[PDB]
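Naming convention: chains lettered A, B, ... in sequence-line order (proteins, then strands); numbering from 1 in each chain. Hydrogens, waters and symmetry mates play no part in the numbers below; they use all other heavy atoms, side chains included.
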Amino acid sequence: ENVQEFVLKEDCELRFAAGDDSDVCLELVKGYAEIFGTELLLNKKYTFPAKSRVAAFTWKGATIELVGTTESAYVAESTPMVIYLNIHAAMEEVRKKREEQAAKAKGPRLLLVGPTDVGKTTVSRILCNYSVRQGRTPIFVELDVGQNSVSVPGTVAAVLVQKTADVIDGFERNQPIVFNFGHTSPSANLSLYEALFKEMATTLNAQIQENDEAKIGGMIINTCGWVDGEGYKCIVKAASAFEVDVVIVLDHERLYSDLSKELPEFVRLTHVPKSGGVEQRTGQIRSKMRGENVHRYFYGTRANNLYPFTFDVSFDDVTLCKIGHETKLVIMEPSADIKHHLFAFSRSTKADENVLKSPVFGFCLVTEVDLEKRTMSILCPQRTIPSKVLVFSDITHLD
RNA sequence: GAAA
Ligand SMILES: Nc1ncnc2c1ncn2[C@@H]1O[C@H](COP(=O)(O)OP(=O)(O)O)[C@@H](O)[C@H]1O
Ligand SMILES: [Mg+2]
């Protein structure tokens, strides 16, 4: 197996992408390095799968070994990493000030905005990790229903971050708060999209009253890439609902310029460039990535294999329903057209007005519909259904 | 974000 050795000076990153076919293994063999804010352990072997795009950054200097076939691999001397560090530094300063002002203190809340493929999710992740590394537990809010790093696509979610992200597997998705939107873009139903993140914000505000460390941890809010048209007023409502202190605009000067005139004067607005290592992804790639996210939801990762159950449910034992006038519930009769669709297990016990603004327990996928036997087969993360009320998502998956 |  073929090996590549890289010497990184201080403030450089090794940018590489694993091949189309094979894995690439990475090992820090000298110095200190981090991958999107998580510290690498000396001499540990991190196996990344095909098509991964990764940057290992060092503040002090590093020597790194890559084993396996790469599509690209190079050391970059210029990065915006200090910018990202300074935003974290600034956040922690606000925390101290507010803690001292509370002899309960509320941490800073930061909204990241900008178009797709600017490294927004990556920055969110760096910022969450740096807070954890500072001793804090931030709440990561994920409003991107398309490319969601917390739950399945078609959801709006939040997780309390208590551990740095796993280098390979991202953050722990333990006990998130998940709302089912049911579409991959907000433009499919914008009034429902706003209702859901408004209920996210209110729910979060109540939950943090019972948790001092989460309250002072603050929020890092990742948004989707829809910054034009109605997408724009939606950024302003999200900044309002979550009472954000800071808006970070990534690589969009007109957007930065427009928010500067509309946001309240107390809201700090910063424009940062995208990293030279962010690469543009096609729709085929993002579609494939939505699929892998679904697969992960049920089957977990290589390091943490999850073992889901495939069992039959009677149509008499459940109620199928669908949201969408934009915010009305509709009872669905079992049909062949629900095959391959995700369904959310609602926390509402009855199919009524409560379903809309209720978070969900989790998701199943309908694999078979047996109309003659009046049963469906579902793939499910647990043994028995946690709720009898099943809410439709337009997201489909072939297992 | 998603669609073409
Ligand atoms: N500095 C970097 N070097 C190499 N790859 C990167 C870097 N920053 C981000 N990436 C990769 O680029 C892709 C897009 O990044 P992402 O944060 O998802 O962008 P956005 O969320 O704005 O669409 C991801 O695969 C990510 O791992
Ligand atoms: Mg993103």
To the nearest angstrom, how far is A/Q284 atom CD from B/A3 atom P?
12 Å
If you look at every strand shown and take non-hydrogen atoms under 4.0 Å, does A/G146 touch a base, only sugar-phosphate, or nothing?
sugar-phosphate
Does A/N2 CG have over 12 foreign heavy atoms under 6.0 Å away?
no
For A/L112 and B/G1, give me the distance from atom CG to atom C1', rounded to whole Å.
15 Å
Do the rings of A/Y130 and A/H88 sit parallel, tilted or perpendicular, given the 30° and 60° boundaries?
perpendicular
Take atom NZ of A/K233 and atom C1' of B/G1, then tell me their distance rounded to the nearest Å.
20 Å
Could you check how far NE2 of A/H252 sits from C1' of B/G1, rounded to whole Å?
13 Å
Presence of donor-acceptor pair under 3.5 Å, side chain of A/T223 and base of B/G1
no
What integer distance in Å separates A/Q280:CD from B/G1:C1'?
16 Å
Categorize A/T116 for me: base, sugar-phosphate, or nothing, with a 4.0 angstrom heavy-atom threshold over every strand shown.
base
Which residues share a side chain to side chain contact (heavy atoms under 4.5 Å, CB included) with A/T155, sequence neighbours left out:
A/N148, A/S151, A/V152, A/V178, A/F363
Counting only N and O atoms by type, is there a donor-acceptor contact under 3.5 Å from the side chain of A/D144 to the main-chain atoms of A/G225?
no
Could you tell me the separation between the NZ atom of A/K288 and the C1' atom of B/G1, rounded to a whole number of Å?
20 Å
Measure from NZ on A/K120 to P on B/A2 and round the result to the nearest Å.
11 Å
Side-chain N or O of A/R290 less than 4.0 angstrom from OP1 or OP2 on B/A3?
yes
Whole angstroms only, please: what is the CD1-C1' distance between A/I285 and B/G1?
15 Å
